[PDB]
Participant: 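My questions all concern the structure below.
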Amino acid sequence: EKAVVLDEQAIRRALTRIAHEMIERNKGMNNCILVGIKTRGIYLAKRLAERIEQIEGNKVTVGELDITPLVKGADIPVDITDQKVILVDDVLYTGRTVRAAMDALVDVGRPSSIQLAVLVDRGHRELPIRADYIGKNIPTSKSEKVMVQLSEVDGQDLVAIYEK
Amino acid sequence: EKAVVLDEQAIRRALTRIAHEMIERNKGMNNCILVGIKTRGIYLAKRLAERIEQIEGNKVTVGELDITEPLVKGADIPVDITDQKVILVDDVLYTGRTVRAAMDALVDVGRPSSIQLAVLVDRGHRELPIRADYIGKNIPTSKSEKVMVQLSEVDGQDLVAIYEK
């Protein structure tokens with residue numbers, strides 16, 4: 001059983017607000033790198049970069065990590081040394097994918113700091129990891145599953161909760 | 001320049017409240033392991049263990065990670081942590097970089113079911129998306145300030161101070 005809890009318009013509004021918060025907290029996002037995780041993180045990062053560029057007239061670099069968890073691959077097209085990185089995640093749940101991402105980036109890139117932006121936080125963390133920017137908090141039971149669909153890969157924009 | 005911002009009594013009152021939150025969130029703390037970090041984290045863990053035991057009548061296992069860029073020197077955790085709840089105990093949370101390394105050191109020894117973080121003081125200025133689950137006191141600071149915890153077991157008295165640049 002499935003329920004739609006954010007529709008396209010809710011997703012658009014959340015991303016616009018997150019982009020504003022990124023401009024407020026990171027001096028207009030000059031020199032700060034967005035790194036997507038999971039399949040849909042990179043597409044969220046690109047959407048954010050576009051919103052920021054439409055305001056600041058600058059270029060916001062987007063990279064990605066390929067994580068199962070094990071970091072199996074990466075594409076980060078600038079040197080992140082001493083730079084601000086923001087991880088972009090579709091759904092924050094246990095935090096274990098974020099931890100894998102974080103350890104790889106500190107180890108290989110020596111950024112000055114790493115923040116976390118998520119479209120949805122579904123709670124039930126298993127590590128002391130919290131998002132800095134959040135589209136929507138969505139309370140859940142343990143047995144529920146939260147999924148994000150985006151235009152670029154699934155063909156439409158929505159967030160759904162699935163029951164057991 | 002130094003300023004005392006928690007005295008012995010404030011520290012005692014903080015630790016009593018954290019022990020209560022730990023009992024509420026972890027089913028009375030049966031089978032949950034406290035792991036201290038840095039020099040004073042282990043002493044804070046033992047104090048918490050004692051307060052939880054005075055209520056529950058149970059045994060709360062205490063372990064330690066030796067961390068000195070943070071480098072993990074070693075560990076002493078006297079039970080298997082697999083599928084168990086671990087709480088890291090930190091004196092001062094600042095950038096989160098020690099806590100990051102500690103989480104790595106745990107996973108080296110074992111595969112806990114979950115890890116939480118209890119800190120006496122949070123001074124802000126994180127550099128990683130790492131936040132404490134239990135907090136004695138939030139102490140706002142400037143970047144250039146330093147926060148230090150003294151405990152009786154090592155320093156000879158209990159206090160928290162801020163040092164200016």
Side-chain angles (χ1 to χ4, degrees), chain A residues 21 24-26 84 86 92 95 98 102 112-118 121 123 125 127-134 137, chain B residues 1-26 34-45 47-48 51-52 67 70 86-103 114-152 155 157-165:
Chain A
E21 291 165 355
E24 179 55 14
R25 304 184 204 165
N26 310 279
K84 296 188 83 178
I86 309 183
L92 181 66
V98 172
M102 169 178 54
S112 56
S113 61
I114 306 173
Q115 296 169 82
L116 175 58
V118 314
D121 186 351
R125 70 187 170 272
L127 296 171
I129 290 172
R130 294 285 266 183
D132 297 307
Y133 310 90
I134 301 175
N137 297 113
Chain B
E1 185 172 272
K2 168 171 178 191
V4 179
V5 293
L6 279 80
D7 57 12
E8 178 183 337
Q9 169 181 61
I11 293 166
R12 169 177 77 253
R13 285 171 170 184
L15 299 171
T16 290
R17 171 167 47 78
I18 296 166
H20 306 159
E21 298 169 346
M22 291 177 167
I23 282 158
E24 179 62 7
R25 305 182 203 170
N26 314 280
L34 300 174
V35 176
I37 64 195
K38 311 195 185 162
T39 311
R40 283 164 188 88
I42 299 153
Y43 294 106
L44 295 168
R47 288 177 189 202
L48 294 164
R51 284 174 162 76
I52 295 155
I67 309 174
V86 175
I87 313 185
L88 287 165
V89 181
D90 193 7
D91 53 353
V92 183
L93 180 65
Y94 174 18
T95 71
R97 302 174 172 278
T98 316
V99 169
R100 191 200 66 81
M103 290 200 275
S114 67
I115 308 175
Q116 299 165 76
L117 175 62
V119 315
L120 183 68
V121 156
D122 181 359
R123 74 156 288 191
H125 306 284
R126 72 186 168 275
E127 299 175 0
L128 299 169
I130 285 173
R131 303 197 182 157
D133 297 306
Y134 310 87
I135 300 177
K137 181 75 193 192
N138 290 300
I139 301 286
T141 57
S142 306
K143 226 158 323 246
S144 61
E145 288 174 341
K146 140 151 191 166
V147 180
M148 303 202 68
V149 173
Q150 298 163 226
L151 294 177
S152 61
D155 305 297
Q157 81 178 102
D158 286 351
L159 64 80
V160 179
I162 307 182
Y163 291 83
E164 306 300 329
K165 105 164 92 187

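Numbers restart at 1 for each chain; the letters A, B, ... are given by sequence-line order, proteins then strands. Every heavy atom of this structure was used, including side-chain atoms; hydrogens, water molecules and symmetry mates were not.
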Participant: Ignoring hydrogens and angles, tell me if any N or O in the side chain of B:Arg17 forms a donor-acceptor pair with the backbone of B:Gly136 under 3.5 Å.
Facilitator: yes
Participant: Verify, without hydrogens or angle tests, whether B:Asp155 (side chain) and B:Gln157 (backbone) share a donor-acceptor contact under 3.5 angstrom.
Facilitator: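 No; judged by distance alone, with no hydrogens or angles, the pair does not exist.
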Participant: Among residues two or more places apart or on two chains, list those pairs meeting salt bridge (charged side-chain N to carboxylate O under 4.0 Å, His left out) that have a residue in residues 125-140 of chain B.
Facilitator: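 Residue pairs passing salt bridge (charged side-chain N to carboxylate O under 4.0 Å, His left out), neighbours aside: A:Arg125-B:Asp133, A:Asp132-B:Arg126, A:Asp132-B:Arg131, B:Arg97-B:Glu127.
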Participant: Could I get the full list of side-chain hydrogen bond (donor to acceptor under 3.5 Å, both in side chains) partners for B:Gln150, not counting sequence neighbours?
Facilitator: B:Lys2
Participant: Taking C-beta and beyond as the side chain, do B:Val86 and B:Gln116 meet within less than 4.5 Å on heavy atoms?
Facilitator: no
Participant: Taking B:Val92's backbone N and O only, do any of them form a donor-acceptor pair with B:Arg123's side chain (distance below 3.5 Å, no angle check)?
Facilitator: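 Here the side-chain-to-backbone pair does not exist.
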Participant: Please examine the side chains of B:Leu15 and B:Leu48, heavy atoms only from C-beta on, and report whether any two atoms are closer than 4.5 Å.
Facilitator: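 Yes - at least one pair of side-chain heavy atoms lies under 4.5 Å apart.
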Participant: Tell me whether B:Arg12 at atom CZ has more than 12 heavy atoms from other residues, nucleotides or ligands lying less than 6.0 Å away.
Facilitator: yes
Participant: Using a 4.5 Å cut-off on heavy atoms from C-beta on, say whether the side chain of B:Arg40 contacts that of B:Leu120.
Facilitator: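 Of all side-chain heavy-atom pairs linking B:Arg40 with B:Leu120, none is under 4.5 Å.
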Participant: Under 4.5 Å between any side-chain heavy atoms of B:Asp91 and B:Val121, yes or no?
Facilitator: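 Of all side-chain heavy-atom pairs linking B:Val121 with B:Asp91, none is under 4.5 Å.
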Participant: Can you check whether B:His125 reaches B:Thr141 side chain to side chain, under 4.5 Å on heavy atoms?
Facilitator: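 Side-chain contact under 4.5 Å: yes.
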Participant: How close do A:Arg25 and A:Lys84 get, heavy atom to heavy atom, and via which atoms?
Facilitator: O-NZ, 3.6 Å
Participant: From B:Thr98 OG1 over to B:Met103 CE, what is the distance, rounded to the nearest 0.5 angstrom?
Facilitator: 11.0 Å
Participant: For B:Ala132 versus B:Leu93, what's the shortest heavy-atom pair and its separation?
Facilitator: N-CD2, 3.8 Å
Participant: Under 3.5 Å, sequence neighbours excluded: what are the donor-acceptor pairs made by side chains of residues 158-165 of chain B?
Facilitator:
residue  : atom : partner  : partner atom : Å
B:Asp158 : OD1  : B:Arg47  : NH2          : 2.9
B:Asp158 : OD1  : B:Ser152 : N            : 2.8
B:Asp158 : OD2  : B:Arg47  : NH1          : 3.0
B:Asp158 : OD2  : B:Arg47  : NH2          : 3.4

Participant: Do B:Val89 and B:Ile37 have side-chain heavy atoms sitting under 4.5 Å apart?
Facilitator: no
Participant: Within the 4.5 Å heavy-atom criterion, are B:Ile115 and B:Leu88 side-chain neighbours or not?
Facilitator: yes
